[PDB]
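Down below is the structure, laid out as structure tokens.
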Amino acid sequence: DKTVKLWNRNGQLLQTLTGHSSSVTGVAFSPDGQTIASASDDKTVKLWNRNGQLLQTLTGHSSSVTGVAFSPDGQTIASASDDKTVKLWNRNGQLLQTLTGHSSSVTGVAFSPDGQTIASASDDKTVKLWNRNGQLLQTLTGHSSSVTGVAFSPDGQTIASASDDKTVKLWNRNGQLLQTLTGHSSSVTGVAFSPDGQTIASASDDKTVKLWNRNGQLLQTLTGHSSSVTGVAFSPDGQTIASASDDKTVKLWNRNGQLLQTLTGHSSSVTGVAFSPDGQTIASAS
């Protein structure tokens, strides 16, 4: 619906961020909690303040931007694009690096917890790992279809990837495949680690979030969305799970799988969700 919405944990809408000229595909909070970054099919990243207003527009990608992330220190923004690149930007919106190496669209991006490695997911079926000088360090091969999302474990030693092959895969930094999470019945659209590292959450077009242990065994299936689930996130305290869906909602769930809230207000599909660092604000992209 071309907006980002900001909500509290009780379901109350706080702000609507208007200005993108096409779909918003992803959202992230800065580590100080004051700035929100959004990615859009209009080929831009926008930076917004939590009071609801646009600060900056980062132009430069030549196709849709599919995801955005902040470094742990807040000083670098990473964006993924169908132009086959990841771009790294400073907080002035100046372009620092373009990471080239993927041979098709880049669908997601994440920073390692130490801020020194970037992971990218691509339709070329790979995850690539990079440093902040744009140098390619490793390619993770094994998915049999497009990779849709990527995340680092809190200790930084395990990478999780989501794929249209219906799996999540877990890897080390040397590119070794460690575990495959098999169980979704359609494409997996996103993956996240709990802050203690002991639960993995995955989102799927099968309309569920699944929760798994670190051996890749299914622990719970969260049912309730009425269309594809497009993203998932854990709150910083680990006590709340957020899911985004083509049913136009975000749902909030406790760790026991109980539905806590549905965030209703977007007028089209929700494509991503994020928690503020204090865990009290949720951002949704649509």
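Taking the authors' numbering as reference, the numbering of the sequence shown is continuous, increasing by one, and the terminal residue is 285.
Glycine included, each C-beta is placed from N, C-alpha and C at the ideal position.
- A residue is called buried when at least 16 other Cβ atoms come within 10 angstroms of its Cβ; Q260 meets this threshold and is buried.
- By the Cβ-count criterion, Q137 is buried, with 16 or more other Cβ atoms from all chains shown falling within 10 Å of its own Cβ.
- If you compare the alpha carbons of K168, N255, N214 and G196 with that of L221, the shortest gap goes to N255.
- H101 is positioned such that its CB atom lies no closer than 7 angstroms to that of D82.
- Secondary structure of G278 (DSSP, three-state): coil.
- Counting only residues of its own chain and dropping the five nearest sequence neighbours on each side, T181 has a CB closer than 7 angstroms to the CB of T166.
- In this structure, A200 lies away from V23, with their beta-carbon atoms at least 7 angstroms apart.
- In the structure shown, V269 falls within a coil segment according to DSSP collapsed to helix, strand and coil.
- DSSP, read as helix, strand or coil, puts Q33 in coil.
- A residue is called buried when at least 16 other Cβ atoms come within 10 angstroms of its Cβ; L210 meets this threshold and is buried.
- When C-alpha distances from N132 are compared across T188, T147, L98 and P276, the shortest belongs to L98.
- Contact check for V26 and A202: beta-carbon distance about 14 angstroms, past the 8 angstroms limit, so the pair fails to qualify.
- In this structure, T147 and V187 form a Cβ contact; the two beta carbons are roughly 7 angstroms apart against a cut-off of 8 angstroms.
- Runs of beta strand (DSSP E) with 3 or more residues, each lying fully within the stretch 196-263, are found at 199-203, 208-211, 217-221, 228-233, 239-244, 248-253 and 258-263, listed in chain order.
- Secondary structure note for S160: its beta strand (DSSP E) is the uninterrupted segment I158 to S162.
- Going by DSSP, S102 is part of no beta strand (DSSP E) at all; its letter is neither H nor E.
- Look at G114 here: in three-state DSSP terms it is coil, with no helix or strand label.
- Here the alpha carbons of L139 and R172 stand approximately 9 angstroms from one another.
- One alpha carbon belongs to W129, the other to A77, and they sit about 11 angstroms apart.
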